[PDB]
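Colleague: Below are the structure tokens for one structure; questions will follow.
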Amino acid sequence: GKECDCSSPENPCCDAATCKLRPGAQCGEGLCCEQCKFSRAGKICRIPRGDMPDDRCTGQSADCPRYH
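Sequential numbering of the sequence shown, starting at 1, is according to the entry's author numbering.
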């Protein structure tokens with residue numbers, strides 16, 4: 001449609017026609033969006049490199065902020 005819950009038409013969470021969530025789901029895409037759902041707080045959303053801290057799900061967003 002004219003509004004998407006996903007970025008991709010290939011996204012399983014979305015139907016291609018609607019571009020929008022079929023399932024009993026929360027989200028389609030996002031670093032903290034797992035199983036088309038909002039991942040739990042503290043779960044690693046991003047792998048660090050070098051001296052950086054690992055970024056963690058808030059459990060209050062489909063996208064990851066920073067570290068929480």
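Here a beta-carbon is modelled for each residue, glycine too, at the ideal position from N, C-alpha and C.
1) Using 8 Å as the threshold, is the C-beta distance between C32 and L21 below it?
2) With 16 as the cutoff for other CB atoms within 10 Å, does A62 come out buried or exposed?
3) Given this structure, state the Cα-to-Cα distance separating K37 from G28, to the nearest angstrom.
4) Taking the beta strand (DSSP E) that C27 belongs to, which residues open and close that run?
5) For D54, does the count of other Cβ atoms within 10 angstroms reach 16, so buried, or fall short, so exposed?
Modeller: The relevant details are as follows:
1) No, the pair does not count as a contact, with Cβ atoms beyond the cut-off.
2) Per the 10 Å Cβ criterion, buried.
3) When rounded, the distance between both Cα atoms is 7 Å.
4) Careful: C27 lies outside any beta strand (DSSP E) and carries neither H nor E.
5) That one is exposed.
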